[PDB]
Amino acid sequence: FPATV
Amino acid sequence: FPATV
Amino acid sequence: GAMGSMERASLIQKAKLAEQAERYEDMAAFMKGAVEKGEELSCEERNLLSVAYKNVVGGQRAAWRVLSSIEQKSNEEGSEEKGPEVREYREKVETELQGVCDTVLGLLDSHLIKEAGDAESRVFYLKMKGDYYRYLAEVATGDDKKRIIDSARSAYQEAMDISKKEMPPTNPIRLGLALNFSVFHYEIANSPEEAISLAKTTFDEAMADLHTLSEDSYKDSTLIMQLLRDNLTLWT
Amino acid sequence: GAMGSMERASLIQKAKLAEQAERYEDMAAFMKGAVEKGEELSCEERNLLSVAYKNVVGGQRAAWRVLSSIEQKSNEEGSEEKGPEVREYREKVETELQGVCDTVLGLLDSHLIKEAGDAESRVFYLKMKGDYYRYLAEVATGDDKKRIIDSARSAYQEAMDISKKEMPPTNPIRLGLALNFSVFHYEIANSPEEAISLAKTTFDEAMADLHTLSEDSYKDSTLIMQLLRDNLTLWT
Ligand SMILES: *CC(=O)NCC1CCN(C(=O)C2(Nc3ccc(Cl)cc3)CCNCC2)CC1
Ligand SMILES: *CC(=O)NCC1CCN(C(=O)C2(Nc3ccc(Cl)cc3)CCNCC2)CC1
Ligand SMILES: [Mg+2]
Ligand SMILES: [Mg+2]
Ligand SMILES: [Mg+2]
Ligand SMILES: [Mg+2]
Ligand SMILES: [Mg+2]
Ligand SMILES: [Mg+2]
C-alpha cells in the first residue's frame, strides 16, 4: 500500500 | 522480561 | 459522554500517556472527550487527535483487508462452501470501521471545521475529512459509493485550494495533504495519472523552496518529500 | 452472553479468522462464547483460547508496565506534582487487566478444569490458572496479595504433579508449564534459586528423552527447551 500521513 | 508460553 | 466529567487538561494528559502505552483506542476516546469540551484545539492537540484515530482506523483497515482477501478467495471456482461466517465477520469489522469514521467526521462537522479560521488548522481538518471519507470509500459497495468518493474529493480540494494560497510549498501540512490526495486519486478515483502528476509537482515545488528553511524545518519537509518519492517509485 | 446465539462451530471458525486478522479481543470473545456452550474443548480449541487471552492480557501488561514506570518516576524526589492523572490511568488499565484475568479464571472454574480428566487437558488448564493468578499477582498490592500468589503456586503445583506422573519430560505442555512456573518463582515468589533449579532440571531431563522423538516432536520440544536456556542465561 502507498504511504499516507 | 523472561520468556513464558 | 463518558468523558464529560473529566477536565480538558486531564483528557489531554491522559491521551499523551495512552500514546506512550500504545493504547490508541483509549487515546482516541480521550481526544474525543477533549474535542467535545467545545474549545478549539492547539497544533499539538490536533496532532494527538489525528494520531489516535489514524492508529485505530489503520488497524481496522488492515484487518478488513485480511478478511476481504479470505472472502474473495472463498468466492473463486473450486473453493469449498464454508457458510456465512467469513462475510459476517468481515461485515462486523467493516461496521466498526464505519463507526469510527463516522465518529471522526462528526467531530469535524460539530464543530471543528467551522471554528477553524487559520489556514493551518482549517487545512488540517479538511485533510482529515478527506481521509475519513476515503476510508469509507475503501469499503463502500452501494448506492452511495459515488457520493462518498465525491465527499472525500471535495474536502481534499477545499484543503488544497487553501493550502496553495496560504502556505509555502514546503509546509508539512500542505505536503501531507498532497501526499494523501494523490493516494486518493490513485486508489479511489481510478486516476493514476492525476496521482502521479500531483505527487511530482508537489515534490518539485517543495524542492525549490527548501533553501528558505532552517535545519529543523528542512528535516520535517524532506521526510514527507521522501514519502512522495516512495509513492512515485511504486507507481512508475 | 452476546455469543449465545452463535453456533459453536461458527465461533471457532471466527476465532481462527480473528487470529489471522490479529484481532485478539474479538478472538477472545469468540472463544469465551465457545467455552460457554458447555462442551469440552479439543486440543486445537484449547490453543485458540490460550492464544487469544495471552495476546489480550499481554498487551495490557505491557501498557501497565509503561504506566507504572511513569508513576514511579513521578514519586521520586524532585519530580514536579502533575496531579492524579497518571495514577488514575494506571488504575484504569489495571482494572481492565484484572477483569480479563477474572474472566479467564471464571471459564476455568466454570467448568473447564472439573471436566478435564485427561492429563494433557487438565495440566493445560491448571497451567492457565497459575498464569492468570500470576498476572493478578503482578499488580496486587493489598490484603489479598499473599493469597493471590498462593493461588498461582497451588495451581502450578497441581499441574506439575500431574505432568510428572503422566507425561514424558519432552512433552511441550510439561515443558511450558515448567517454564512458566520457573518464571513465577523468579518474578513473583522471590525464589530465584528455585526458578533456576527448575529450569535446569527440566532442560536436562528433556534433553535425555529427545532420542525417543520424531523430527516433528523434536522440533516442538527443542523450541521450548531453548526458552528455558534463554531464561537461564538471563538469570546466571
Ligand atoms: C499542528 C501541526 O502543524 N501539525 C502538523 C505536523 C507536521 C509534522 N508532522 C509530520 O511530519 C508527521 N505527521 C503528519 C501528519 C499530518 C500531516 Cl498533514 C503532515 C504530517 C509525523 C508523523 N509521521 C509522518 C509525518 C506531524 C504533524
Ligand atoms: C492442545 C495442546 O497439546 N497444546 C500444546 C501445544 C504444544 C506446542 N505449542 C507450542 O510449542 C507453543 N505454545 C505453547 C503454549 C502452551 C504450552 Cl503449555 C506449551 C506451548 C506455540 C507458540 N509458541 C510457544 C510454544 C502450542 C501448544
Ligand atoms: Mg474545566
Ligand atoms: Mg457493510
Ligand atoms: Mg490541480
Ligand atoms: Mg448448536
Ligand atoms: Mg487497583
Ligand atoms: Mg520440585
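Each position is counted from 1, following the chain as shown.
Just so you know, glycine gets a Cβ as well, placed from its N, Cα and C.
Among residues of the same chain six or more beyond the expression tag (D:1-5), those with a C-beta under 8 A of the stretch's C-beta atoms are 11, 29-30, 32-34, 36. Here the PDB entry flags D:1-5 as expression tag.
Here the Cβ of D:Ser10 (phosphoserine) has 19 other Cβ atoms within 10 Å, regardless of which shown protein chain they belong to. Feature annotation from Swiss-Prot assigns phosphoserine to D:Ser10 (among others).
If you look up Swiss-Prot, you'll see D:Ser79 (among others) marked as phosphoserine. In sequence order, D:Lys73 are the residues of the chain that are 6 or more apart from D:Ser79 (phosphoserine) and have a CB within less than 8 Å of its CB.
All protein chains considered, the CB of D:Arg61 (site 'Interaction with phosphoserine on interacting protein') has 15 other CB atoms within 10 Å. Among the features that Swiss-Prot reports, site 'Interaction with phosphoserine on interacting protein' is placed at D:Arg61 (among others).
Feature annotation from Swiss-Prot assigns site 'Interaction with phosphoserine on interacting protein' to D:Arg134 (among others). Mapped onto three states, the DSSP output places D:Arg134 (site 'Interaction with phosphoserine on interacting protein') in helix.
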Taking the Cα atoms as reference points, how far is D:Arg61 (site 'Interaction with phosphoserine on interacting protein') from D:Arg134 (site 'Interaction with phosphoserine on interacting protein') in Å?
11
Looking only at the expression tag (D:1-5), what are its DSSP counts of helix, strand and coil residues?
0 helix, 0 strand, 5 coil
Secondary structure at D:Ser10 (phosphoserine), reduced by DSSP to three states:
helix
Please list, in sequence order, the residues in the chain of D:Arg134 (site 'Interaction with phosphoserine on interacting protein') that are at least six apart in sequence and whose C-beta is under 8 Å away from its C-beta.
D:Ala152, D:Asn180, D:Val183, D:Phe184, D:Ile188
DSSP-derived class (H/G/I helix, E/B strand, else coil) of D:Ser79 (phosphoserine):
coil
